[PDB]
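Let's start with one chain on its own, the form solved without the DNA, as structure tokens.
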């Protein structure tokens, strides 16, 4: 297993009302910028992931444009949502 423990904790259970900072790749700096743009809970970012039909390129570009995520951060966030969806959606 090469994922972060933080990825593993997120994909292991329904997300409920978890804050956006529970997402893999979303540290405190990215989290605050997402919160300022209205993406305050992880499920709101899931929402954008789903509205983009789970497309990696569109989602990672959206994350970059919205909070300045770098490639690793956007890959980790995308991967965490993709695996959560595979488990629970």
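Positions refer to the first chain, counted from 1.
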Per the PDB record, is the mean Cα temperature factor higher over 40-48 or over 57-65? 57-65
Just to confirm, going by the entry's C-alpha B-factors, which of 71, 20, 11, 77 comes out highest? 71
Third of the chain, ranked by Cα B-factor, where residue 87 sits: lowest
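Keep in mind the form solved in complex with the DNA is missing from the figure; the text below concerns it.
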4.5 angstroms heavy atom contact with the DNA in the deposited bound form for residue 73: yes
Hey, in the deposited bound form, does residue 30 get a heavy atom within 4.5 angstroms of the DNA? yes
Can you check whether residue 24 is within 4.5 Å of the DNA in the deposited bound form, heavy atom basis? yes
Under a 4.5 Å heavy atom criterion, is residue 6 part of the interface with the DNA in the deposited bound form? yes
